[PDB]
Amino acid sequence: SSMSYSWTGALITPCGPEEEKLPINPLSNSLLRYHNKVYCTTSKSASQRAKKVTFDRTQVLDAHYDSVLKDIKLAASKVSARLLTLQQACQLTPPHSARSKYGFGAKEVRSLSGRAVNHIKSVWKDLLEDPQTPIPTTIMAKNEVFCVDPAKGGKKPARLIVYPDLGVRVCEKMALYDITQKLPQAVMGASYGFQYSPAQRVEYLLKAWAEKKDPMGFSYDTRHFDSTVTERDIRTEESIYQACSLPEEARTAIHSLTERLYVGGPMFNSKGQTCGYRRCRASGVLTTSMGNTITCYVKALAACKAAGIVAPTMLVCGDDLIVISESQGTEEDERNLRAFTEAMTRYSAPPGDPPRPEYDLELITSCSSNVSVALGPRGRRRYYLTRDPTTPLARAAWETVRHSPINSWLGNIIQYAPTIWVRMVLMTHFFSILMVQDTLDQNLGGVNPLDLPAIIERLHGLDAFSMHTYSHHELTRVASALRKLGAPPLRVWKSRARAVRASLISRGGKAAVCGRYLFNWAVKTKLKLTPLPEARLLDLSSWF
């Protein structure tokens, strides 16, 4: 049947010179040694990611799909949505957003400049009326930093990103932005993944897993999920959008966006030639993150009934997904997950790595993270969220003229602040750099470094300063990830942080706070860390 893409042969060009590493990486050449292993996915490789994602999709839905889709449309019934004033939509355009062909950019859209407000008024007028003629879209390579894995091919090709003009993107928010805010939370309930915070996700899977008389979990993600999206899939997506209370102007524009934009259309490279025709999800539209999640919930929930997964609890975050269900004996469980994958490929959502049932919560990985255990200050099992530190580390060493990595360090130091690798490797190197730079209180990312103990206690609680025995898996992984990248062994970071703690305490003030809290683990003789006044005297909602 349908082919996800049909190419013209025109290279996917780069929309701006690509960064090259320098002969000295001054910030990270103490963090790790093997810089030759850290790469970035240029548009050269885009040529070859194209091959990976072009193929012949063919679905075979069945009574299990159609039973789910029906009650999901019944969830959609209880949702009331509203249009978005052309102004309000312009106000939600991101500040660095890519400018429009027709001479105006994000700065002009957000300040309601006259020229932009008229062009968008006419785009939205072409959206109403003309419901058939496609909307031209642009196709970009996406540059990303990784570590080479010789096992799995050496260097990943660049993911492909496809987006309409800026005029169109404001119109999408008009038609669909309010939908996105309500629909998934309504159709999927507690199974909606983006809803939870890192601590909340953990509390969930822990509850889901103890609620079983004999738990069994697995994760499933589909391969090339943007490409496995058939046209019927998108139109059945609209079928759910339209099931809510919409002003009639919404339905017209929605229906026209689904035809002219979402179901496919031409594609042009940054140079401007014709590049191909797309017949799948264009990753890079408003619905992308929500369509993905909803479609995935349907196909998943369908396949759960086909295979007979019993009492399953779910957690969908886009096309990543995890099911904690009731074990049916080992050898039925293996048979069911094959039925599961079987349905999921008859739904045009084949897997990547084939799923496998696991009976220990640490071995399930969804959204590039897993759950592990450590011991808390009192001796209690503390469950946190961790990951394979390979890619965060490779990114800590990405250092060109344009890009500086200190953001990458903080972004992970916060997100994964309880993990052994952050506590010992990232935090040690972070303060070790800023004390020497003497830039120990800039405003990196709208954040101040000297607040980290307060921020961390706000988000992960005081135990992130006092967690000590680490799970065997997590040790072997951290140890081996450092080894893979040239970084010192954990032993060396223990000594390095012992000293970074010294300079921090001795600097006094808010610095000495960081030294005693973030590096309690380093000292021979701990200090009993009490809560901080800023466990509420810190606004809990600047990003969370």
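Note that residue numbering begins at 1 and tracks the sequence as displayed.
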request  = Look up the CA B-factors in the entry and say which stretch, 2 to 10 or 535 to 543, has the higher mean.
outcome  = 535 to 543
message = If you take the mean CA temperature factor per stretch, which one wins between 448 to 456 and 291 to 299?
response = 448 to 456
inquiry  = Just the C-alpha B-factor column, please: which of 310, 373, 420, 229 has the biggest number?
reply    = 229
query = Highest Cα B-factor in the deposition, which of 240, 205, 440, 322?
reply = 440
ask   = How does residue 395 rank on Cα B-factor within its chain, lowest, middle or highest third?
value = lowest
request  = Would you check the entry's CA temperature factor for residue 36 and let me know if it's in the chain's lowest, middle or highest third?
outcome  = lowest
request  = Sorting the chain's modelled residues by C-alpha B-factor, tell me whether residue 201 ends up in the lowest, middle or highest third.
outcome  = middle
message = Which third, lowest, middle or highest, does the C-alpha temperature factor of residue 492 belong to within its own chain?
response = lowest
task = Place residue 194 in the lowest, middle or highest third of its chain's C-alpha B-factors, as listed in the PDB entry.
result = highest
